[PDB]
Amino acid sequence: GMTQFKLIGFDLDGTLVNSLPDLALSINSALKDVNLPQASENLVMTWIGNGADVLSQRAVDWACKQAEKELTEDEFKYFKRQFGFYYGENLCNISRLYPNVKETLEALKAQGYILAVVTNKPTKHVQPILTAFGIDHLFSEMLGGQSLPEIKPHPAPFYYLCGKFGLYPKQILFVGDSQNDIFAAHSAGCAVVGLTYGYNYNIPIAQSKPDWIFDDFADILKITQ
Ligand SMILES: [Cl-]
């Protein structure tokens, strides 16, 4: 309307949904199944951001070092199957939307913005978690960690949106909570909101220099009309 933006994109974990509690519960149950020590929720948080394989590798590497044990490859595969199972079961157990997320997405949709999710979370979990929280109907595109060959912080997912919706990068506003989001946006040429409530390796979101830094998801409305 009075902005340049046609499409607004969002990360999922740490931006729309506070999923850390269910991720931590799931990963710790799987660690227990391979007789490895369990991690604090802050530690688990620091492994999140780069997809479920990297998350799994960080978990097992930490726990093995803690315990002075190693896993065989078959044990590691087993760990990953159990972690996948538990999480699938706990997608919307302790997890909740961040404050004002649904109301804000509805407002933006009402204004005519195309809305998209771009996350490194496995693609298989994206439509289910959005459906569980009653917001799947608002999104015109939902990209996860297996959806394209390169993922955030590579700008490719942003270029895919430009192509699919017929846009210049400058017509996309992105909303994220980690440097993966902010670096991808800077590289593609998209304006980017950094949220301060999400998962960024214990690093302040200001360090990656987003275009805006917000404590409340509803503040996005102040910059979209
Ligand atoms: Cl991730």
# chains A, B, ... in the order shown; residues from 1 in each chain; ligands from 1
>>> residues_near_ligand(ligand="ligand 1", cutoff="12 Å", atoms="only C-alpha atoms and all ligand atoms", output="PDB file with N, CA, C and O atoms, in the first residue's frame")
ATOM      1  N   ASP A  11      10.414 -16.783   8.990  1.00  0.00           N
ATOM      2  CA  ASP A  11      10.926 -18.052   9.559  1.00  0.00           C
ATOM      3  C   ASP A  11       9.816 -18.642  10.438  1.00  0.00           C
ATOM      4  O   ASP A  11       8.809 -17.982  10.714  1.00  0.00           O
ATOM      5  N   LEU A  12       9.984 -19.874  10.875  1.00  0.00           N
ATOM      6  CA  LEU A  12       8.964 -20.601  11.636  1.00  0.00           C
ATOM      7  C   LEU A  12       9.379 -20.711  13.105  1.00  0.00           C
ATOM      8  O   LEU A  12       8.910 -19.937  13.950  1.00  0.00           O
ATOM      9  N   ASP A  13      10.295 -21.620  13.413  1.00  0.00           N
ATOM     10  CA  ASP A  13      10.830 -21.759  14.775  1.00  0.00           C
ATOM     11  C   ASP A  13      11.527 -20.489  15.265  1.00  0.00           C
ATOM     12  O   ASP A  13      12.532 -20.065  14.705  1.00  0.00           O
ATOM     13  N   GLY A  14      11.031 -19.925  16.342  1.00  0.00           N
ATOM     14  CA  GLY A  14      11.697 -18.772  16.953  1.00  0.00           C
ATOM     15  C   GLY A  14      11.133 -17.479  16.401  1.00  0.00           C
ATOM     16  O   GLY A  14      11.496 -16.417  16.856  1.00  0.00           O
ATOM     17  N   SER A  19       8.945 -23.268  19.516  1.00  0.00           N
ATOM     18  CA  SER A  19       9.035 -24.717  19.412  1.00  0.00           C
ATOM     19  C   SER A  19      10.167 -25.372  20.222  1.00  0.00           C
ATOM     20  O   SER A  19      10.267 -26.615  20.334  1.00  0.00           O
ATOM     21  N   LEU A  20      11.037 -24.542  20.758  1.00  0.00           N
ATOM     22  CA  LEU A  20      12.181 -24.990  21.533  1.00  0.00           C
ATOM     23  C   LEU A  20      11.756 -26.007  22.616  1.00  0.00           C
ATOM     24  O   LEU A  20      12.389 -27.039  22.742  1.00  0.00           O
ATOM     25  N   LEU A  23      11.146 -29.303  20.838  1.00  0.00           N
ATOM     26  CA  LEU A  23      12.415 -29.767  20.270  1.00  0.00           C
ATOM     27  C   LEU A  23      13.352 -30.349  21.324  1.00  0.00           C
ATOM     28  O   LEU A  23      13.917 -31.420  21.116  1.00  0.00           O
ATOM     29  N   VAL A  44      20.276 -26.800  23.731  1.00  0.00           N
ATOM     30  CA  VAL A  44      19.559 -27.286  22.574  1.00  0.00           C
ATOM     31  C   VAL A  44      19.304 -26.134  21.610  1.00  0.00           C
ATOM     32  O   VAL A  44      19.399 -26.287  20.385  1.00  0.00           O
ATOM     33  N   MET A  45      18.915 -24.995  22.168  1.00  0.00           N
ATOM     34  CA  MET A  45      18.575 -23.805  21.382  1.00  0.00           C
ATOM     35  C   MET A  45      19.719 -23.406  20.482  1.00  0.00           C
ATOM     36  O   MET A  45      19.498 -23.047  19.344  1.00  0.00           O
ATOM     37  N   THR A  46      20.951 -23.510  20.987  1.00  0.00           N
ATOM     38  CA  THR A  46      22.130 -23.093  20.256  1.00  0.00           C
ATOM     39  C   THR A  46      22.434 -24.008  19.065  1.00  0.00           C
ATOM     40  O   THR A  46      23.217 -23.641  18.210  1.00  0.00           O
ATOM     41  N   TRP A  47      21.794 -25.181  18.999  1.00  0.00           N
ATOM     42  CA  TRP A  47      21.989 -26.125  17.888  1.00  0.00           C
ATOM     43  C   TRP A  47      20.987 -25.944  16.756  1.00  0.00           C
ATOM     44  O   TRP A  47      21.155 -26.540  15.675  1.00  0.00           O
ATOM     45  N   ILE A  48      19.938 -25.182  17.040  1.00  0.00           N
ATOM     46  CA  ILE A  48      18.847 -24.925  16.127  1.00  0.00           C
ATOM     47  C   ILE A  48      19.213 -23.834  15.103  1.00  0.00           C
ATOM     48  O   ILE A  48      19.768 -22.772  15.430  1.00  0.00           O
ATOM     49  N   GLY A  49      18.823 -24.055  13.853  1.00  0.00           N
ATOM     50  CA  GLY A  49      18.899 -22.963  12.882  1.00  0.00           C
ATOM     51  C   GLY A  49      19.316 -23.375  11.508  1.00  0.00           C
ATOM     52  O   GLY A  49      19.077 -22.638  10.553  1.00  0.00           O
ATOM     53  N   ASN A  50      19.947 -24.543  11.418  1.00  0.00           N
ATOM     54  CA  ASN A  50      20.599 -24.998  10.211  1.00  0.00           C
ATOM     55  C   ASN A  50      20.105 -26.365   9.740  1.00  0.00           C
ATOM     56  O   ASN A  50      20.837 -27.100   9.058  1.00  0.00           O
ATOM     57  N   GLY A  51      18.896 -26.731  10.165  1.00  0.00           N
ATOM     58  CA  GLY A  51      18.269 -27.963   9.764  1.00  0.00           C
ATOM     59  C   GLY A  51      18.434 -29.117  10.720  1.00  0.00           C
ATOM     60  O   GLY A  51      19.296 -29.103  11.608  1.00  0.00           O
ATOM     61  N   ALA A  52      17.589 -30.120  10.541  1.00  0.00           N
ATOM     62  CA  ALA A  52      17.464 -31.195  11.533  1.00  0.00           C
ATOM     63  C   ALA A  52      18.695 -32.128  11.527  1.00  0.00           C
ATOM     64  O   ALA A  52      19.071 -32.635  12.572  1.00  0.00           O
ATOM     65  N   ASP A  53      19.352 -32.313  10.385  1.00  0.00           N
ATOM     66  CA  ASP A  53      20.587 -33.108  10.382  1.00  0.00           C
ATOM     67  C   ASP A  53      21.708 -32.466  11.173  1.00  0.00           C
ATOM     68  O   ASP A  53      22.402 -33.149  11.942  1.00  0.00           O
ATOM     69  N   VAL A  54      21.903 -31.170  10.972  1.00  0.00           N
ATOM     70  CA  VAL A  54      22.943 -30.456  11.694  1.00  0.00           C
ATOM     71  C   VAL A  54      22.594 -30.431  13.184  1.00  0.00           C
ATOM     72  O   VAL A  54      23.453 -30.642  14.026  1.00  0.00           O
ATOM     73  N   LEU A  55      21.330 -30.180  13.503  1.00  0.00           N
ATOM     74  CA  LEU A  55      20.864 -30.221  14.917  1.00  0.00           C
ATOM     75  C   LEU A  55      21.180 -31.568  15.622  1.00  0.00           C
ATOM     76  O   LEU A  55      21.684 -31.587  16.766  1.00  0.00           O
ATOM     77  N   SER A  56      20.885 -32.662  14.934  1.00  0.00           N
ATOM     78  CA  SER A  56      21.176 -34.036  15.369  1.00  0.00           C
ATOM     79  C   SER A  56      22.681 -34.267  15.552  1.00  0.00           C
ATOM     80  O   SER A  56      23.117 -34.886  16.524  1.00  0.00           O
ATOM     81  N   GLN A  57      23.482 -33.793  14.606  1.00  0.00           N
ATOM     82  CA  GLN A  57      24.926 -33.958  14.700  1.00  0.00           C
ATOM     83  C   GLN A  57      25.498 -33.148  15.877  1.00  0.00           C
ATOM     84  O   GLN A  57      26.341 -33.634  16.620  1.00  0.00           O
ATOM     85  N   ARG A  58      25.062 -31.907  16.038  1.00  0.00           N
ATOM     86  CA  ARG A  58      25.497 -31.110  17.186  1.00  0.00           C
ATOM     87  C   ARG A  58      25.113 -31.785  18.505  1.00  0.00           C
ATOM     88  O   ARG A  58      25.935 -31.834  19.445  1.00  0.00           O
ATOM     89  N   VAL A 118       9.602 -19.449   5.101  1.00  0.00           N
ATOM     90  CA  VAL A 118      10.858 -19.959   4.604  1.00  0.00           C
ATOM     91  C   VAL A 118      11.649 -20.351   5.838  1.00  0.00           C
ATOM     92  O   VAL A 118      12.077 -19.496   6.628  1.00  0.00           O
ATOM     93  N   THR A 119      11.771 -21.653   6.043  1.00  0.00           N
ATOM     94  CA  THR A 119      12.431 -22.182   7.230  1.00  0.00           C
ATOM     95  C   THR A 119      13.389 -23.327   6.859  1.00  0.00           C
ATOM     96  O   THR A 119      13.274 -23.953   5.810  1.00  0.00           O
ATOM     97  N   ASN A 120      14.338 -23.575   7.751  1.00  0.00           N
ATOM     98  CA  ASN A 120      15.236 -24.704   7.638  1.00  0.00           C
ATOM     99  C   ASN A 120      14.684 -25.941   8.361  1.00  0.00           C
ATOM    100  O   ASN A 120      15.220 -27.025   8.240  1.00  0.00           O
ATOM    101  N   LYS A 121      13.580 -25.752   9.083  1.00  0.00           N
ATOM    102  CA  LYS A 121      12.847 -26.847   9.675  1.00  0.00           C
ATOM    103  C   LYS A 121      12.478 -27.865   8.583  1.00  0.00           C
ATOM    104  O   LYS A 121      12.156 -27.464   7.450  1.00  0.00           O
ATOM    105  N   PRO A 122      12.532 -29.186   8.878  1.00  0.00           N
ATOM    106  CA  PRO A 122      12.127 -30.121   7.803  1.00  0.00           C
ATOM    107  C   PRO A 122      10.797 -29.825   7.158  1.00  0.00           C
ATOM    108  O   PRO A 122       9.791 -29.532   7.862  1.00  0.00           O
ATOM    109  N   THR A 123      10.776 -29.928   5.822  1.00  0.00           N
ATOM    110  CA  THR A 123       9.601 -29.577   5.037  1.00  0.00           C
ATOM    111  C   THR A 123       8.391 -30.355   5.517  1.00  0.00           C
ATOM    112  O   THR A 123       7.297 -29.794   5.643  1.00  0.00           O
ATOM    113  N   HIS A 125       7.408 -31.170   8.395  1.00  0.00           N
ATOM    114  CA  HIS A 125       6.775 -30.592   9.590  1.00  0.00           C
ATOM    115  C   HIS A 125       6.106 -29.230   9.357  1.00  0.00           C
ATOM    116  O   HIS A 125       5.359 -28.786  10.208  1.00  0.00           O
ATOM    117  N   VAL A 126       6.359 -28.567   8.223  1.00  0.00           N
ATOM    118  CA  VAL A 126       5.894 -27.205   8.061  1.00  0.00           C
ATOM    119  C   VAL A 126       4.365 -27.070   7.961  1.00  0.00           C
ATOM    120  O   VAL A 126       3.716 -26.382   8.792  1.00  0.00           O
ATOM    121  N   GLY A 144      10.570 -25.449   3.367  1.00  0.00           N
ATOM    122  CA  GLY A 144      11.334 -26.025   4.463  1.00  0.00           C
ATOM    123  C   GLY A 144      12.687 -26.490   3.988  1.00  0.00           C
ATOM    124  O   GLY A 144      13.080 -26.251   2.827  1.00  0.00           O
ATOM    125  N   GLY A 145      13.385 -27.195   4.871  1.00  0.00           N
ATOM    126  CA  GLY A 145      14.764 -27.523   4.703  1.00  0.00           C
ATOM    127  C   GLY A 145      15.097 -28.460   3.570  1.00  0.00           C
ATOM    128  O   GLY A 145      16.262 -28.595   3.228  1.00  0.00           O
ATOM    129  N   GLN A 146      14.099 -29.160   3.044  1.00  0.00           N
ATOM    130  CA  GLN A 146      14.291 -30.050   1.896  1.00  0.00           C
ATOM    131  C   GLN A 146      13.647 -29.511   0.626  1.00  0.00           C
ATOM    132  O   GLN A 146      13.621 -30.193  -0.387  1.00  0.00           O
ATOM    133  N   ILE A 151      19.645 -23.627   1.228  1.00  0.00           N
ATOM    134  CA  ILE A 151      18.784 -23.035   2.261  1.00  0.00           C
ATOM    135  C   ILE A 151      19.496 -21.877   2.976  1.00  0.00           C
ATOM    136  O   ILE A 151      20.708 -21.680   2.810  1.00  0.00           O
ATOM    137  N   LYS A 152      18.751 -21.112   3.801  1.00  0.00           N
ATOM    138  CA  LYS A 152      19.308 -19.987   4.540  1.00  0.00           C
ATOM    139  C   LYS A 152      20.539 -20.486   5.288  1.00  0.00           C
ATOM    140  O   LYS A 152      20.497 -21.579   5.858  1.00  0.00           O
ATOM    141  N   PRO A 153      21.619 -19.682   5.353  1.00  0.00           N
ATOM    142  CA  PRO A 153      21.762 -18.287   4.954  1.00  0.00           C
ATOM    143  C   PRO A 153      22.016 -18.020   3.466  1.00  0.00           C
ATOM    144  O   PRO A 153      22.178 -16.857   3.087  1.00  0.00           O
ATOM    145  N   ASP A 177      14.444 -14.344  13.266  1.00  0.00           N
ATOM    146  CA  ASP A 177      14.917 -14.299  14.635  1.00  0.00           C
ATOM    147  C   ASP A 177      16.378 -14.753  14.765  1.00  0.00           C
ATOM    148  O   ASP A 177      16.897 -14.781  15.859  1.00  0.00           O
ATOM    149  N   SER A 178      17.037 -15.094  13.652  1.00  0.00           N
ATOM    150  CA  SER A 178      18.434 -15.510  13.722  1.00  0.00           C
ATOM    151  C   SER A 178      19.270 -14.909  12.588  1.00  0.00           C
ATOM    152  O   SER A 178      18.756 -14.459  11.554  1.00  0.00           O
ATOM    153  N   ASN A 180      20.856 -16.395  10.437  1.00  0.00           N
ATOM    154  CA  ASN A 180      20.618 -17.116   9.182  1.00  0.00           C
ATOM    155  C   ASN A 180      19.639 -16.326   8.323  1.00  0.00           C
ATOM    156  O   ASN A 180      19.797 -16.223   7.121  1.00  0.00           O
ATOM    157  N   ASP A 181      18.597 -15.812   8.975  1.00  0.00           N
ATOM    158  CA  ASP A 181      17.533 -15.046   8.308  1.00  0.00           C
ATOM    159  C   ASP A 181      18.099 -13.723   7.797  1.00  0.00           C
ATOM    160  O   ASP A 181      17.870 -13.339   6.647  1.00  0.00           O
ATOM    161  N   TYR A 199      15.874 -17.677  18.345  1.00  0.00           N
ATOM    162  CA  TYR A 199      16.985 -18.580  18.591  1.00  0.00           C
ATOM    163  C   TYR A 199      18.148 -18.152  17.728  1.00  0.00           C
ATOM    164  O   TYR A 199      18.109 -18.337  16.510  1.00  0.00           O
ATOM    165  N   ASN A 200      19.175 -17.579  18.352  1.00  0.00           N
ATOM    166  CA  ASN A 200      20.314 -17.033  17.608  1.00  0.00           C
ATOM    167  C   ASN A 200      21.649 -17.307  18.281  1.00  0.00           C
ATOM    168  O   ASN A 200      22.514 -16.413  18.391  1.00  0.00           O
ATOM    169  N   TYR A 201      21.821 -18.535  18.783  1.00  0.00           N
ATOM    170  CA  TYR A 201      23.129 -18.977  19.258  1.00  0.00           C
ATOM    171  C   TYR A 201      23.652 -18.155  20.432  1.00  0.00           C
ATOM    172  O   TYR A 201      24.866 -18.013  20.589  1.00  0.00           O
TER     173      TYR A 201
END
>>> select_by_dssp(residues="range 64-150 of chain A", states="strand (DSSP E or B)", output="ChimeraX atom specification")
/A:96-97,114-118,141-143
>>> residues_around(residues="residue 209 in chain A", least_positions_apart="3", cutoff="8 Å", atoms="only C-alpha atoms", output="mmCIF file with C-alpha atoms, in the first residue's frame")
data_model
loop_
_atom_site.group_PDB
_atom_site.id
_atom_site.type_symbol
_atom_site.label_atom_id
_atom_site.label_comp_id
_atom_site.auth_asym_id
_atom_site.auth_seq_id
_atom_site.Cartn_x
_atom_site.Cartn_y
_atom_site.Cartn_z
ATOM 1 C CA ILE A 182 19.301 -11.676 8.410
ATOM 2 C CA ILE A 205 20.114 -10.111 16.833
ATOM 3 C CA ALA A 206 21.468 -6.525 16.565
#
>>> select_by_dssp(residues="range 124-213 of chain A", states="alpha helix (DSSP H)", output="NGL selection string")
:A and (124-132 or 156-165 or 179-188)
>>> write_last_selection(atoms="N, CA and C atoms", output="short mmCIF file (atom, residue, chain, number, x, y, z; two decimals), in the first residue's frame")
data_model
loop_
_atom_site.label_atom_id
_atom_site.label_comp_id
_atom_site.auth_asym_id
_atom_site.auth_seq_id
_atom_site.Cartn_x
_atom_site.Cartn_y
_atom_site.Cartn_z
N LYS A 124 8.59 -31.62 5.86
CA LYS A 124 7.47 -32.44 6.31
C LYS A 124 6.72 -31.90 7.51
N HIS A 125 7.41 -31.17 8.40
CA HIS A 125 6.78 -30.59 9.59
C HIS A 125 6.11 -29.23 9.36
N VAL A 126 6.36 -28.57 8.22
CA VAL A 126 5.89 -27.21 8.06
C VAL A 126 4.36 -27.07 7.96
N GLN A 127 3.73 -27.72 6.99
CA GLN A 127 2.30 -27.56 6.91
C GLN A 127 1.55 -28.12 8.14
N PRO A 128 1.97 -29.29 8.67
CA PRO A 128 1.38 -29.78 9.94
C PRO A 128 1.45 -28.81 11.13
N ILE A 129 2.62 -28.21 11.40
CA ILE A 129 2.72 -27.31 12.57
C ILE A 129 1.87 -26.06 12.35
N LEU A 130 1.86 -25.50 11.13
CA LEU A 130 1.01 -24.34 10.80
C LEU A 130 -0.50 -24.65 10.89
N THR A 131 -0.86 -25.85 10.45
CA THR A 131 -2.22 -26.35 10.55
C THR A 131 -2.60 -26.51 12.01
N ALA A 132 -1.73 -27.13 12.82
CA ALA A 132 -1.99 -27.29 14.26
C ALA A 132 -2.24 -25.95 15.00
N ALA A 156 19.16 -18.19 -1.98
CA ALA A 156 18.36 -18.92 -3.01
C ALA A 156 16.84 -18.99 -2.71
N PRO A 157 16.44 -19.34 -1.48
CA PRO A 157 15.00 -19.37 -1.17
C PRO A 157 14.30 -18.06 -1.47
N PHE A 158 14.98 -16.94 -1.20
CA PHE A 158 14.42 -15.60 -1.54
C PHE A 158 14.33 -15.41 -3.05
N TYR A 159 15.30 -15.92 -3.81
CA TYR A 159 15.24 -15.80 -5.24
C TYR A 159 14.11 -16.64 -5.80
N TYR A 160 13.84 -17.76 -5.14
CA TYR A 160 12.79 -18.67 -5.59
C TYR A 160 11.46 -17.93 -5.48
N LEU A 161 11.24 -17.23 -4.36
CA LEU A 161 10.02 -16.41 -4.17
C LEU A 161 9.87 -15.31 -5.19
N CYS A 162 10.99 -14.65 -5.53
CA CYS A 162 10.99 -13.62 -6.55
C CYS A 162 10.55 -14.18 -7.88
N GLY A 163 11.06 -15.35 -8.24
CA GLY A 163 10.71 -15.97 -9.47
C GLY A 163 9.26 -16.42 -9.53
N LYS A 164 8.84 -17.12 -8.49
CA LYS A 164 7.50 -17.66 -8.40
C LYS A 164 6.44 -16.57 -8.38
N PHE A 165 6.67 -15.48 -7.63
CA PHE A 165 5.69 -14.41 -7.53
C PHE A 165 5.93 -13.18 -8.40
N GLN A 179 20.57 -14.92 12.77
CA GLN A 179 21.47 -14.42 11.75
C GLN A 179 21.34 -15.15 10.42
N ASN A 180 20.86 -16.40 10.44
CA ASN A 180 20.62 -17.12 9.18
C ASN A 180 19.64 -16.33 8.32
N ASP A 181 18.60 -15.81 8.98
CA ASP A 181 17.53 -15.05 8.31
C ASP A 181 18.10 -13.72 7.80
N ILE A 182 18.84 -13.05 8.67
CA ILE A 182 19.30 -11.68 8.41
C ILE A 182 20.37 -11.70 7.29
N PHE A 183 21.32 -12.63 7.36
CA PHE A 183 22.34 -12.73 6.33
C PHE A 183 21.75 -13.08 4.98
N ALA A 184 20.80 -14.01 4.94
CA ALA A 184 20.14 -14.38 3.67
C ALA A 184 19.46 -13.15 3.05
N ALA A 185 18.74 -12.38 3.87
CA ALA A 185 18.03 -11.18 3.41
C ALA A 185 18.98 -10.13 2.88
N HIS A 186 20.05 -9.86 3.62
CA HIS A 186 21.06 -8.89 3.19
C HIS A 186 21.66 -9.31 1.87
N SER A 187 21.99 -10.58 1.75
CA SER A 187 22.59 -11.07 0.51
C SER A 187 21.62 -10.99 -0.70
N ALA A 188 20.36 -11.29 -0.52
CA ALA A 188 19.37 -11.23 -1.62
C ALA A 188 18.93 -9.81 -1.96
#
>>> residues_around(residues="residue 95 in chain A", least_positions_apart="2", cutoff="9 Å", atoms="only C-alpha atoms", output="PDB file with C-alpha atoms, in the first residue's frame")
ATOM      1  CA  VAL A  17       6.205 -20.649  16.949  1.00  0.00           C
ATOM      2  CA  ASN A  18       8.130 -21.097  20.203  1.00  0.00           C
ATOM      3  CA  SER A  19       9.035 -24.717  19.412  1.00  0.00           C
ATOM      4  CA  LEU A  20      12.181 -24.990  21.533  1.00  0.00           C
ATOM      5  CA  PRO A  21      10.297 -26.749  24.407  1.00  0.00           C
ATOM      6  CA  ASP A  22       9.093 -29.581  22.151  1.00  0.00           C
ATOM      7  CA  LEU A  23      12.415 -29.767  20.270  1.00  0.00           C
ATOM      8  CA  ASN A  90       5.175 -33.351  20.138  1.00  0.00           C
ATOM      9  CA  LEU A  91       4.744 -30.777  17.277  1.00  0.00           C
ATOM     10  CA  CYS A  92       2.128 -28.872  19.242  1.00  0.00           C
ATOM     11  CA  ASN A  93       2.464 -30.108  22.777  1.00  0.00           C
ATOM     12  CA  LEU A  97       2.690 -19.147  18.936  1.00  0.00           C
TER      13      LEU A  97
END
>>> closest_residue(among="A:84, A:166, A:134, A:99", to="residue 30 in chain A", atoms="only C-alpha atoms")
A:84
>>> closest_residue(among="A:172, A:195, A:147, A:139", to="residue 105 in chain A", atoms="only C-alpha atoms")
A:139
